[PDB]
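Asker: Next comes entry14.cif, mmCIF, C-alpha atoms and all ligand atoms:
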data_coords
#
loop_
_atom_site.label_atom_id
_atom_site.label_comp_id
_atom_site.auth_asym_id
_atom_site.auth_seq_id
_atom_site.Cartn_x
_atom_site.Cartn_y
_atom_site.Cartn_z
CA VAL B 3 6.35 2.94 26.68
CA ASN B 4 4.45 2.58 23.39
CA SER B 5 3.34 -0.23 21.06
CA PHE B 6 5.59 0.03 17.98
CA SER B 7 7.61 -3.11 17.22
CA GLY B 8 10.88 -3.85 15.46
CA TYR B 9 11.89 -0.24 14.91
CA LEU B 10 15.56 0.72 14.66
CA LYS B 11 16.62 3.62 16.90
CA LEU B 12 18.28 6.62 15.17
CA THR B 13 18.34 9.58 17.64
CA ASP B 14 16.75 10.59 20.95
CA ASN B 15 13.31 10.61 19.28
CA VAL B 16 13.34 9.01 15.79
CA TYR B 17 12.86 5.30 14.98
CA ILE B 18 12.71 3.60 11.57
CA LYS B 19 11.35 0.39 10.05
CA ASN B 20 11.08 -1.18 6.59
CA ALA B 21 7.31 -1.63 6.53
CA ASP B 22 4.00 -0.83 4.86
CA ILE B 23 2.61 2.17 6.75
CA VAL B 24 -0.94 0.86 6.21
CA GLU B 25 -0.12 -2.37 8.05
CA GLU B 26 1.76 -0.53 10.80
CA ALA B 27 -1.26 1.72 11.32
CA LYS B 28 -3.69 -1.21 11.30
CA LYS B 29 -1.53 -2.94 13.93
CA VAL B 30 -0.66 -0.05 16.25
CA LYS B 31 -3.69 2.22 15.75
CA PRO B 32 -1.49 5.23 16.56
CA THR B 33 -2.91 8.50 17.77
CA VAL B 34 -1.51 10.12 14.60
CA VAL B 35 -0.61 8.70 11.19
CA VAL B 36 0.98 11.17 8.80
CA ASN B 37 -0.13 11.29 5.17
CA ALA B 38 2.23 12.57 2.47
CA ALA B 39 -0.50 14.76 1.00
CA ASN B 40 -0.73 17.33 -1.77
CA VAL B 41 -2.40 20.74 -1.39
CA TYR B 42 -5.71 19.52 -2.88
CA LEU B 43 -5.81 16.40 -0.70
CA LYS B 44 -6.18 14.31 -3.87
CA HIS B 45 -4.93 10.94 -2.64
CA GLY B 46 -3.83 9.25 -5.83
CA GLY B 47 -0.60 7.35 -5.26
CA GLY B 48 2.29 6.82 -2.92
CA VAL B 49 1.48 6.98 0.78
CA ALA B 50 -1.71 8.95 0.12
CA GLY B 51 -3.19 6.49 -2.36
CA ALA B 52 -2.24 3.61 -0.06
CA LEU B 53 -3.76 5.15 3.07
CA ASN B 54 -6.90 6.22 1.22
CA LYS B 55 -7.41 2.79 -0.36
CA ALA B 56 -7.15 1.21 3.10
CA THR B 57 -9.98 3.49 4.30
CA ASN B 58 -12.24 2.34 1.44
CA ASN B 59 -12.09 5.94 0.03
CA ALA B 60 -13.50 7.46 3.24
CA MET B 61 -10.33 9.56 3.57
CA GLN B 62 -10.95 11.03 0.10
CA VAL B 63 -14.63 11.78 0.83
CA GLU B 64 -13.70 13.58 4.05
CA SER B 65 -10.87 15.40 2.28
CA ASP B 66 -13.12 16.65 -0.52
CA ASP B 67 -15.44 18.21 2.05
CA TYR B 68 -12.43 19.78 3.80
CA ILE B 69 -11.22 21.39 0.56
CA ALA B 70 -14.71 22.55 -0.41
CA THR B 71 -14.92 24.41 2.91
CA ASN B 72 -11.34 25.62 3.41
CA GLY B 73 -9.57 25.64 0.06
CA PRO B 74 -6.17 24.10 -0.62
CA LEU B 75 -3.38 23.69 1.87
CA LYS B 76 -0.02 25.45 1.51
CA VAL B 77 3.11 23.58 0.48
CA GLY B 78 4.78 23.07 3.86
CA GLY B 79 1.40 23.09 5.62
CA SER B 80 -0.91 20.53 7.16
CA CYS B 81 -4.36 19.75 8.48
CA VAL B 82 -5.69 17.25 11.03
CA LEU B 83 -8.49 14.99 9.81
CA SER B 84 -9.86 11.62 10.90
CA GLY B 85 -7.63 8.57 10.94
CA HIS B 86 -10.62 6.41 9.98
CA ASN B 87 -9.82 2.71 10.58
CA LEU B 88 -6.06 3.36 10.65
CA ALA B 89 -5.46 5.79 13.54
CA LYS B 90 -7.28 8.27 15.73
CA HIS B 91 -6.16 11.17 13.51
CA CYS B 92 -4.45 11.62 10.18
CA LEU B 93 -2.06 14.58 9.91
CA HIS B 94 -2.03 15.45 6.20
CA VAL B 95 1.34 17.14 5.59
CA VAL B 96 2.34 18.70 2.26
CA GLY B 97 6.04 18.43 1.54
CA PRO B 98 7.46 19.93 -1.65
CA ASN B 99 7.12 17.75 -4.76
CA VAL B 100 10.31 18.05 -6.82
CA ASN B 101 8.58 16.44 -9.80
CA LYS B 102 6.18 19.42 -9.79
CA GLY B 103 9.10 21.85 -9.59
CA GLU B 104 8.40 22.82 -5.97
CA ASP B 105 10.84 24.40 -3.51
CA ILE B 106 12.86 21.81 -1.57
CA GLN B 107 13.61 24.40 1.15
CA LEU B 108 9.96 24.00 2.26
CA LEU B 109 10.77 20.50 3.55
CA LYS B 110 11.81 21.85 6.96
CA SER B 111 8.53 23.76 7.28
CA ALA B 112 6.65 20.57 6.40
CA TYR B 113 8.42 18.59 9.15
CA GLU B 114 7.72 21.36 11.71
CA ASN B 115 4.06 20.28 11.63
CA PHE B 116 5.10 17.04 13.37
CA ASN B 117 6.10 19.02 16.49
CA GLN B 118 2.43 19.67 17.29
CA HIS B 119 1.98 15.96 18.12
CA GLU B 120 3.75 14.02 20.86
CA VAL B 121 3.99 10.74 18.88
CA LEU B 122 3.50 10.01 15.17
CA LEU B 123 3.73 7.18 12.65
CA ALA B 124 5.01 8.79 9.46
CA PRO B 125 6.54 8.30 6.00
CA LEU B 126 9.68 10.09 4.85
CA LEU B 127 8.37 13.42 3.52
CA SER B 128 9.09 14.35 -0.11
CA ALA B 129 10.75 10.97 -0.81
CA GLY B 130 9.52 8.33 -3.25
CA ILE B 131 7.39 9.75 -6.06
CA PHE B 132 7.76 13.24 -4.56
CA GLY B 133 11.23 13.21 -6.11
CA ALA B 134 13.47 14.61 -3.35
CA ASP B 135 16.70 13.07 -2.06
CA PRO B 136 15.63 10.67 0.72
CA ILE B 137 18.96 10.93 2.56
CA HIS B 138 18.40 14.68 2.74
CA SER B 139 14.83 14.22 3.96
CA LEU B 140 15.80 11.87 6.80
CA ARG B 141 18.43 14.44 7.77
CA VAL B 142 15.85 17.24 7.80
CA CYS B 143 13.50 15.04 9.84
CA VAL B 144 16.08 14.33 12.54
CA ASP B 145 17.19 17.98 12.61
CA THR B 146 13.64 19.40 12.78
CA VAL B 147 11.28 17.03 14.58
CA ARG B 148 11.57 17.06 18.38
CA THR B 149 8.57 14.85 19.16
CA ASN B 150 8.64 11.05 18.90
CA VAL B 151 8.48 9.92 15.27
CA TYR B 152 8.28 6.35 13.99
CA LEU B 153 9.25 6.37 10.32
CA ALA B 154 7.96 3.64 8.01
CA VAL B 155 9.89 3.15 4.76
CA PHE B 156 8.16 1.02 2.14
CA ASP B 157 11.03 0.26 -0.23
CA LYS B 158 13.41 -2.36 1.17
CA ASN B 159 16.43 -1.22 -0.85
CA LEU B 160 15.73 2.38 0.18
CA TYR B 161 15.49 1.40 3.85
CA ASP B 162 18.83 -0.42 3.67
CA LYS B 163 20.43 2.57 1.93
CA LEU B 164 19.03 5.02 4.49
CA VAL B 165 20.27 3.01 7.48
CA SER B 166 23.70 2.40 5.97
CA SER B 167 24.23 6.10 5.17
CA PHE B 168 22.74 7.67 8.32
CA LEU B 169 25.13 9.96 10.21
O1 LIG B 201 8.98 4.77 1.88
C1 LIG B 201 8.99 4.81 0.63
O2 LIG B 201 9.36 3.86 -0.10
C2 LIG B 201 8.56 6.10 -0.06
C3 LIG B 201 7.11 6.50 0.32
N1 LIG B 201 6.15 5.61 -0.32
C4 LIG B 201 5.34 4.78 0.35
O3 LIG B 201 5.36 4.65 1.57
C5 LIG B 201 4.37 4.01 -0.50
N2 LIG B 201 4.21 4.33 -1.80
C6 LIG B 201 3.34 3.62 -2.54
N3 LIG B 201 2.55 2.61 -2.17
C7 LIG B 201 2.71 2.30 -0.86
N4 LIG B 201 2.08 1.32 -0.12
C8 LIG B 201 2.58 1.43 1.12
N5 LIG B 201 3.49 2.39 1.30
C9 LIG B 201 3.59 2.95 0.04
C10 LIG B 201 6.71 7.95 0.03
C11 LIG B 201 7.12 8.98 0.88
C12 LIG B 201 6.74 10.32 0.64
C13 LIG B 201 5.93 10.63 -0.48
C14 LIG B 201 5.50 9.60 -1.33
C15 LIG B 201 5.89 8.26 -1.08
#
Represent the structure of the file as structure tokens.
Answerer:
Amino acid sequence: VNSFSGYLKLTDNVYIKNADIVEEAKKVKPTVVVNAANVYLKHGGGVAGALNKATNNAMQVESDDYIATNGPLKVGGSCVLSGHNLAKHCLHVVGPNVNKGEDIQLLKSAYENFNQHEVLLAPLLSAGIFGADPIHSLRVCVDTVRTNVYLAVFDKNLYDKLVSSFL
């Protein structure tokens, strides 16, 4: 038993809610919150800007040190950093950004990072301003992630569309 509330059940391991991931994290304090990061860990907008703002820019400061030491991530890759005031850890996962012309096939590789963690609070990778088809991304999530994932969808109309079309 865990502490998430009001989530709709989709498969053996995936739950979904129309919610602000920042507020879900502040409430649950999950072991792992997933950030929809880019390879430079420049947290400007979307999930990343929202999470970083909620940490008072501490996420960005930590991320800049990470990049200075290690260089950029790969599209499809991830790193584990602090969750600051939101979670124990933040798993920064880079899905492909269709608005940058990146390869949508890399979405499955991106979701595979979730399997290294027993339970996660996460956004829908590559959706929103990342420009991929969100129905396709939810499908890839359910068909790739085997650990317990609690998906937070910000946009109400999107959430309703995703639930109503889920197979
Ligand atoms: O779920 C959605 O609608 C799409 C989702 N975007 C957000 O979650 C989001 N965006 C902006 N500001 C926010 N403040 C709280 N959540 C926020 C997203 C998924 C993947 C990559 C980029 C964005």
Asker: Taking all atoms listed in the file into account, which of B:85, B:32, B:136, B:125 comes nearest ligand LIG 201 (chain B)?
Answerer: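 Of B:85, B:32, B:136, B:125, the one nearest ligand LIG 201 (chain B) is B:125, counting all atoms listed in the file.
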Asker: As a quick test: using all atoms listed in the file, which residues lie no more than 7 Å away from ligand LIG 201 (chain B)? Give them as a ChimeraX atom specification.
Answerer: /B:22-24,38,47-49,51-52,125-132,154-157,160
Asker: Go ahead and write the residues just picked, C-alpha atoms, as a PDB file, in the coordinates of the input.
Answerer:
ATOM      1  CA  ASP B  22       4.000  -0.830   4.860  1.00  0.00           C
ATOM      2  CA  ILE B  23       2.610   2.170   6.750  1.00  0.00           C
ATOM      3  CA  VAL B  24      -0.940   0.860   6.210  1.00  0.00           C
ATOM      4  CA  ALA B  38       2.230  12.570   2.470  1.00  0.00           C
ATOM      5  CA  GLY B  47      -0.600   7.350  -5.260  1.00  0.00           C
ATOM      6  CA  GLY B  48       2.290   6.820  -2.920  1.00  0.00           C
ATOM      7  CA  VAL B  49       1.480   6.980   0.780  1.00  0.00           C
ATOM      8  CA  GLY B  51      -3.190   6.490  -2.360  1.00  0.00           C
ATOM      9  CA  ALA B  52      -2.240   3.610  -0.060  1.00  0.00           C
ATOM     10  CA  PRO B 125       6.540   8.300   6.000  1.00  0.00           C
ATOM     11  CA  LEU B 126       9.680  10.090   4.850  1.00  0.00           C
ATOM     12  CA  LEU B 127       8.370  13.420   3.520  1.00  0.00           C
ATOM     13  CA  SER B 128       9.090  14.350  -0.110  1.00  0.00           C
ATOM     14  CA  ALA B 129      10.750  10.970  -0.810  1.00  0.00           C
ATOM     15  CA  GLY B 130       9.520   8.330  -3.250  1.00  0.00           C
ATOM     16  CA  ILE B 131       7.390   9.750  -6.060  1.00  0.00           C
ATOM     17  CA  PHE B 132       7.760  13.240  -4.560  1.00  0.00           C
ATOM     18  CA  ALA B 154       7.960   3.640   8.010  1.00  0.00           C
ATOM     19  CA  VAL B 155       9.890   3.150   4.760  1.00  0.00           C
ATOM     20  CA  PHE B 156       8.160   1.020   2.140  1.00  0.00           C
ATOM     21  CA  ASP B 157      11.030   0.260  -0.230  1.00  0.00           C
ATOM     22  CA  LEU B 160      15.730   2.380   0.180  1.00  0.00           C
TER      23      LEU B 160
END
Asker: Compile the contact shell of residue 13 in chain B as a list in words: residues with an atom at most 10 Å away, counting all atoms listed in the file, same-chain residues fewer than 5 positions apart removed.
Answerer: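 Residues meeting the cut-off are residues 144, 145 and 150 of chain B.
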Asker: Quote the spacing between CA of residue 122 in chain B and CA of residue 36 in chain B in Å to one decimal place.
Answerer: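 Straight-line distance from CA of residue 122 in chain B to CA of residue 36 in chain B works out to 6.9 Å.
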Asker: Just how far from CA of residue 55 in chain B is CA of residue 82 in chain B, in Å to one decimal?
Answerer: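 Here the two named atoms are 18.5 Å from each other.
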Asker: Hey, which of B:30, B:81, B:69, B:100 ends up closest to residue 116 in chain B? Count all atoms listed in the file.
Answerer: B:81
Asker: Env of residue 37 in chain B: 9 Å cut, atoms = all atoms listed in the file, seq-sep filter 6 positions within chain, self excluded. Answer as a VMD selection string.
Answerer: chain B and resid 49 to 50 53 92 to 96 124 to 125 127
Asker: The selected residues should be written to file as a PDB file, in the frame of the given file (atoms: C-alpha atoms).
Answerer:
ATOM      1  CA  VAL B  49       1.480   6.980   0.780  1.00  0.00           C
ATOM      2  CA  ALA B  50      -1.710   8.950   0.120  1.00  0.00           C
ATOM      3  CA  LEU B  53      -3.760   5.150   3.070  1.00  0.00           C
ATOM      4  CA  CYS B  92      -4.450  11.620  10.180  1.00  0.00           C
ATOM      5  CA  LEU B  93      -2.060  14.580   9.910  1.00  0.00           C
ATOM      6  CA  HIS B  94      -2.030  15.450   6.200  1.00  0.00           C
ATOM      7  CA  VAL B  95       1.340  17.140   5.590  1.00  0.00           C
ATOM      8  CA  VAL B  96       2.340  18.700   2.260  1.00  0.00           C
ATOM      9  CA  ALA B 124       5.010   8.790   9.460  1.00  0.00           C
ATOM     10  CA  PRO B 125       6.540   8.300   6.000  1.00  0.00           C
ATOM     11  CA  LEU B 127       8.370  13.420   3.520  1.00  0.00           C
TER      12      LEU B 127
END
Asker: Considering only C-alpha atoms, return as a list in words whatever protein or nucleic-acid residues lie within 7 Å of residue 111 in chain B, sequence-local ones (same chain, fewer than 3 positions apart) excluded.
Answerer: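 Residues near the query, excluding close chain neighbours: residues 78, 108 and 114 of chain B.
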Asker: Rounded to one decimal place, report the CA of residue 57 in chain B-CA of residue 88 in chain B distance in Å.
Answerer: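 Pair CA of residue 57 in chain B / CA of residue 88 in chain B returns 7.5 Å.
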Asker: With distances taken over all atoms listed in the file, which of B:89, B:75, B:43, B:61 is nearest to residue 28 in chain B?
Answerer: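 Closest candidate: B:89.
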